[PDB]
Number of protein chains: 2
Amino acid sequence: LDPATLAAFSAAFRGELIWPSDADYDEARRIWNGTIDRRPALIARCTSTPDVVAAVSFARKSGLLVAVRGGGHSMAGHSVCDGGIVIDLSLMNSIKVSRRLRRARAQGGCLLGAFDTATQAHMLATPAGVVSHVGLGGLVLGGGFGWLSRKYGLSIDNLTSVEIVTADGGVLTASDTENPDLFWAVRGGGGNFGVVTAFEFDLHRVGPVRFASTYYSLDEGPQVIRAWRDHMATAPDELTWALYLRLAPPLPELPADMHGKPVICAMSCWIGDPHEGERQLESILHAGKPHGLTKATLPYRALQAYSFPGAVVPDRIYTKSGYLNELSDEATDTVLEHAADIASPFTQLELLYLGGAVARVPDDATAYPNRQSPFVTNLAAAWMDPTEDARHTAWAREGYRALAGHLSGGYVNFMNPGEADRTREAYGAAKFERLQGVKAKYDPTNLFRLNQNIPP
Amino acid sequence: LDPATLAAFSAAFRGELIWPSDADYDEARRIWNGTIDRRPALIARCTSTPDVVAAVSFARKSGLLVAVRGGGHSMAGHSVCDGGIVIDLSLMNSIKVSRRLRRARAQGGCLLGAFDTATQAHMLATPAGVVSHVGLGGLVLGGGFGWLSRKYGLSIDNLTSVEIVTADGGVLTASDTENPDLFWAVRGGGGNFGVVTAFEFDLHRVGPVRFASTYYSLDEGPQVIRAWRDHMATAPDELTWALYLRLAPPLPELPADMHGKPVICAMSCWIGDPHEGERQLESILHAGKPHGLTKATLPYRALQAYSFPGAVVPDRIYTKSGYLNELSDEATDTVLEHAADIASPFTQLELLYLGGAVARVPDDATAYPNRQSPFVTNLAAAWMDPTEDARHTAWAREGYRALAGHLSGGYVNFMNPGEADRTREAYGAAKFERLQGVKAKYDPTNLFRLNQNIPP
Ligand SMILES: Cc1cc2nc3c(=O)[nH]c(=O)nc-3n(C[C@H](O)[C@H](O)[C@H](O)COP(=O)(O)OP(=O)(O)OC[C@H]3O[C@@H](n4cnc5c(N)ncnc54)[C@H](O)[C@@H]3O)c2cc1C
Ligand SMILES: Cc1cc2nc3c(=O)[nH]c(=O)nc-3n(C[C@H](O)[C@H](O)[C@H](O)COP(=O)(O)OP(=O)(O)OC[C@H]3O[C@@H](n4cnc5c(N)ncnc54)[C@H](O)[C@@H]3O)c2cc1C
């Protein structure tokens, strides 16, 4: 590197630098997808927006390929690079909540659990993903969905402004009143337009949530999935119900004869009055025989921290995903036949139903595509042993292929390292064209290309 | 304020200053105990250790009364002052976790749920309090106990070093090998010796936790509290079992006829294998008839997020607490007599059993007193209506006095605003004297006196 350039970086940088020789280098460069093993030239742990400014500008002048890291959960491995710089936001974790204004201002490196802890100090919340240690940054920039989404929308449907550092080092505010073209693009366009150092969200009062998790035997799979698909077509916004087909975890609530066998783990909640919730959940828990039933009245923060049963983080993952407009009987039989071949205790075949308030937002209103498709299937393979990569990767590949005709589009935040080419078909032609024009305005040199990338 | 010393402050202070004419002043000056209404001259939202140094020194030079604020949970109201400065740490929220080294380094403004989210990304944890939005800062400096304490000790029992800003403006590292007199005092001595900007903890692997919560009618109070007291005297460290006497919350798992009436809310968990946990919890769940039983196998992050049933944060509080070396049958009847007179649905009469690993640490190894007293009673009054302060305060006051023959010592972190006199009783003569000598060395002018104060 150039001494003078690096020294100008060091003169403006207040964060922490991790070099390949430093003690923590090997752990700092690991991301959630362990199949991604890469060695950056430098890890820049920023602690402020001026730190990001200095890091972006240093990267530009130095020609270092830029990775940006929030929570490290990229299913494509985007938050680490070979030979470049990781602009690592993990220390920018602050959240300021106004109870009176039902507002949260959160830094671009927050984990979901930090954000939910801060809003719930005032019994407030806003939609985000279901696993606490996911990063707010990548999740929100891709759109963001979870337990609160049928009632309150995607994360981006509650976003009111961002602070963002663009490729030329400038700092912008983007909102409905200021740079609205950029504000449109960051609501679903990924890290393509710069590093978001602060997000501002509208919040909602969310008291205790009635919640249930239970497991159905695979021989009752047909009636259970068909009951789910039929019920969610007309369900009220307050009800959320998701199916996770997986090997049953060896938990005392489950009969021993089911441990390790494929099952349907059904999780549901009611966002609203808990007594109504209990009535609503009891009315959907008995499409099959509920094994291992857990019912609770939870603070929202505890609902957020619940997923997933077993509380084990896999080392290695591979995902294939898409949306469905309908879940046909043939699609259902295919889901069931492939779930019966799950071989790792960490793998799940996920069936999610969105719709509700997500679908009421006009498709043109944000960069997020596929609001009118209520079904999401995620073949989320996950395992420990690197010698088993091919066996678990094949499971997700063949399940996807056996479903592919029924699938449309794709969530950019469930893309795997090999799906750089699914970008156009994920956004659709109109959105992709609009994204490209924003990119030419704000990142014409494509300095930010470790993402589901939109070339200028 | 002399313009010179202020102008210096701003050249070195990279954080956010809030002044009394600013719109966000009223909200920024509120703390969890809403009975505390104070107007500081300045709120300084620090964002880094250099920010804290600048604020401390500015407050020293300017002669301003110093309040330090982590999570804002001081039951005595210490984290806001009239006419002084608030060194507010809430934006200093970052945590670095090493999975391999089982280490967490957390900034001094962290909330517990942010810390637990970060450690649980790796299936690790270390003891802390039971409500997610409490600050790590004030909790750890007083000792810190919760669900993991019977297995792994107080928070301070897993603390391996701090970075601290002393009253002269200096930055120090204190550990078992570097300034160990200071390290002893900060492990239980509160904010008396300076502002801790980073805490380093040893972590533990904590997988899924079998957990139960249930409610017993006061009709069965005697047999239930006696079973608890007898069982806990010889229980393994892995069992934690606490009683919360309260009005039953209006939740659907409870019969409506019980809503609003005094009950015993018993919460229990097993830190270890969940199949053993299920066997052990069933062994302690039927000393009376359990109502509204919830049993679940939870990730530790969700157990942390669970307390307390109802998910209500009160506006106004008043606490009286102490330790017990024994809970007689007589004491049990008094507790029950006073619990029957609970008025607010947010008040709890808490009966905790510590012991286990907390008691195996030698008394003199930290500044935390009363390790050998296994019982804690906390008369935790909590309510909303500011015209009702006197009736709820009286319940707590009179309940404490009626148990005065059984109660000794006191946790510094449960003291109320009028308990500045309890400090010697709490620490005991010996510990108090040693603390004064560390105080004479490190804060000889008592710049940090908004705490359970140890004069030098
Ligand atoms: C276990 C698990 C559970 C999940 N659950 C859900 C769920 O319930 N709902 C859901 O919608 N998604 C969910 N996701 C997907 C998640 O939205 C994506 O993995 C997302 O990219 C994670 O963001 P991150 O910051 O953790 O990832 P990173 O790998 O840090 O970043 C992801 C991408 O965003 C960019 N980026 C991150 N932060 C910023 C920033 N501040 N500014 C600019 N660019 C940024 C990176 O450069 C990269 O392109 C889950 C993922 C995992 C692994
Ligand atoms: C709802 C609730 C639940 C609780 N549960 C538990 C529990 O399960 N276990 C338990 O042990 N305690 C518990 N507590 C008590 C808690 O430990 C004390 O209230 C503690 O002082 C709170 O710390 P804080 O940073 O949130 O408070 P603050 O009001 O911000 O600070 C309290 C004291 O610590 C000082 N201080 C705070 N941070 C720092 C720092 N970084 N450096 C120096 N001084 C600092 C302040 O000056 C002050 O004297 C609970 C409290 C509440 C209100």
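The rules behind the values
Position numbers follow the written sequence of each chain, starting from 1, instead of the entry's numbering, which may differ; residues with no coordinates are not represented. Throughout, the order in which chains and ligands are written sets their labels, letters from A for the former and numbers from 1 for the latter. Side-chain descriptors were evaluated using all non-hydrogen atoms of the structure, hydrogens and water having been removed beforehand. Numbering of helices and strands runs from the N terminus, with a helix taken as a DSSP run of H or I at least four residues long and a strand as a DSSP run of E at least two residues long. Aromatic rings from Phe, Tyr and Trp, taking only the six-membered ring of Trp, are treated as a pair when their centres fall within 6.5 Å; an angle between ring planes under 30 degrees marks them as stacked, one over 60 as edge-to-face, and anything in between as tilted. Per-residue accessibility, obtained with a 1.4 Å probe over protein chains only, is compared with the maximum for each type, and a residue is labelled buried under 20%, exposed over 50%, and partly exposed between these values. Consider the ring centre and the ring normal. A charge sits over the ring if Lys NZ or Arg CZ is within 6 Å of that centre and within 35 degrees of that normal. Axis definition: a line fit to C-alpha positions, over the contact stretch in the case of helices; interaxial angles, taken between N-to-C directions, run 0 to 180 degrees. Note on terminology: angles under 35 degrees are roughly parallel, angles over 145 are roughly antiparallel, angles of 65 to 115 are roughly perpendicular, and the others are oblique. The sense of a crossing depends on the near helix, which, turned anticlockwise from the far helix by less than a right angle, makes the crossing left-handed and, turned clockwise, makes it right-handed. Contacts: residue pairs with any heavy atoms within 4.5 Å of one another. Each residue gets one label: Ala, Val, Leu, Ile, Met, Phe, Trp, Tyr, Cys and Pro are nonpolar, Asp, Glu, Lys and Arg are charged, and the others, such as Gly, are polar. Criterion used throughout: strands pair if DSSP finds at least two bridges between them.

As documented in the archive entry, the model was determined using X-ray crystallography at 1.760 Å resolution.

A description of unusual backbone geometry should follow, citing residues and the corresponding values.
Residues and elements named next belong to chain A. A cis amide bond, omega 0 degrees, links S307 with the succeeding residue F308. Within the element layout of this structure, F308 appears in the loop between α10 (300-306) and β16 (316-324). A positive phi angle is found at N179, which is not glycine, with a value near 45 degrees. Along the chain, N179 falls in the loop between β9 (171-175) and α7 (180-186).

I'd like a description of the packing of aromatic side chains, backed by residues and values.
Residue and element names in this part refer to chain A. Applying the stated criterion to the full structure yields 30 aromatic pairs over all chains. Aromatic side chains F145 and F414 sit 5.9 Å apart centroid to centroid with 90 degrees between the ring planes, which places their arrangement in the edge-to-face category. Here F145, found in the loop between α5 (136-142) and α6 (149-152), pairs with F414, found in the loop between α13 (389-403) and α14 (423-427); they are 269 residues apart in sequence, far enough to count as distant. For the pair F145 and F414, a shared accessibility class is recorded, and that class is buried. An aromatic cluster is present here, built from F145, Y323, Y368, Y411 and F414 joined pairwise through their rings. A cation over an aromatic ring shows up here: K320 above the ring of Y400, its NZ or CZ 4.1 Å from the ring centre. Above the face of the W184 ring, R434 is positioned so that its terminal group lies 4.0 Å from the ring centre.

Which residues make up the packing of helix α8 (residues 221-232) of chain B against helix α11 (residues 329-339) of chain B, and what are the values?
Residue and element names in this part refer to chain B. The interhelical angle for the contact between α8 and α11, taken along N-to-C directions, is 130 degrees, at an axis separation of 10 Å. With respect to each other, α8 and α11 are oriented oblique. Once α8 is placed against α11, the crossing between them reads as right-handed. The residues of α11 that touch α8, namely those facing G221, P222, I225, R226 and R229, are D329, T332, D333, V335 and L336. For the contact of α8 with α11, the class distribution of residues is four nonpolar, two polar and four charged.

Now, about the pairing of strand β4 (residues 85-88) of chain B: what can you tell me, with residues and values included?
Residue and element names in this part refer to chain B. Side chains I85 and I87 project from β4 onto one buried face, and the interleaved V86 and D88 project onto a second face that is buried too. As defined by bridge partners, strand β2 (residues 42-45) adjoins β4 across four bridges and the pair is classed as parallel. Residue pairing across strands places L42 opposite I85, the latter belonging to β4. Across four bridges, the pairing between strand β3 (residues 66-69) and β4 is parallel. Opposite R69, over in β4, you have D88 as the bridge partner.

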